[PDB]
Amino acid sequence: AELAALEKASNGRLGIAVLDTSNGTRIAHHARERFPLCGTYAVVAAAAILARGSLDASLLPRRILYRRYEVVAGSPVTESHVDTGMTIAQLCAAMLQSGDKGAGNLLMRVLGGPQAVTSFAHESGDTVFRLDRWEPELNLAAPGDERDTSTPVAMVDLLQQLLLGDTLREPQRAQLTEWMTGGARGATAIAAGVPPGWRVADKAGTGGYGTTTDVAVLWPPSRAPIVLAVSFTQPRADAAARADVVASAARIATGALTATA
């Protein structure tokens, strides 16, 4: 199989799940095995914020003041706003569009920690997802470690519920979608493998062991969306990431759903 051959040629472990919402078709390769979330947890954390904010109108505009010396590396936006603080909405945008690690930690603190992100996934119907650690340790991606993992199929099903289901009210689904579409530093390897012209709402993740994990909703022109989750992780702690492998997996799967008969 083409996905299996790509995995073998790339010297690592590949997981992919796809759902074609036009007709229910699913594609699966290692879709029920755990892979590191890396920064894809941010989708769930932002969703949890939005759900709360639907009932607490003070939440999204609330200004968070935070300590400078505690902002972790990898925080280009939060580092720049230490003197003024940032609102919760601004933190959500920075986390999703810029992968700002300090923003992720600050929003997790607002929520009650990684365990609160997990709880929101669970109450939203995903009993597989688990976020255990803070930034940046949640991305260590050690082989065999079930912390900070989900499975590709669980990732697809949760992403579809959050962006296309009823967990969030429709304006909140639209806001989450917009945070995942905009930016320029906000694109996945998935996005490089999908046909140009398709609209993409995505969140990228990277970690140790040469890990890339990406989740996306894709809209081909004039067609119901395709939901997919892809992860690739490698045996060496010092392996270089392979964004090109994730892009290739996306190309293969999307092409399979665009075939005629």
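Position 1 is the first residue in the sequence shown; the rest follow in order.
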| query | finding |
| --- | --- |
| Residue stretch of maximal mean CA temperature factor, 136 to 144 vs 81 to 89 | 81 to 89 |
| 62 to 70 versus 227 to 235 - greater average Cα B-factor per the deposited record | 62 to 70 |
| Criterion, highest CA B-factor; candidates, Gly102, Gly165, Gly186, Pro171 | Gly186 |
| Candidate set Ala250, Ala240, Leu19, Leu14 [ranked by C-alpha B-factor, highest] | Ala240 |
| Chain-relative CA temperature factor third for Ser124 | highest |
| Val194 - Cα temperature factor, lowest/middle/highest third of chain | highest |
| Within-chain third of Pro76 by Cα B-factor, per the entry | highest |
| Chain third (lowest, middle, highest) by recorded CA B-factor, residue given as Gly39 | lowest |
| Within-chain third of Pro152 by Cα B-factor, per the entry | lowest |
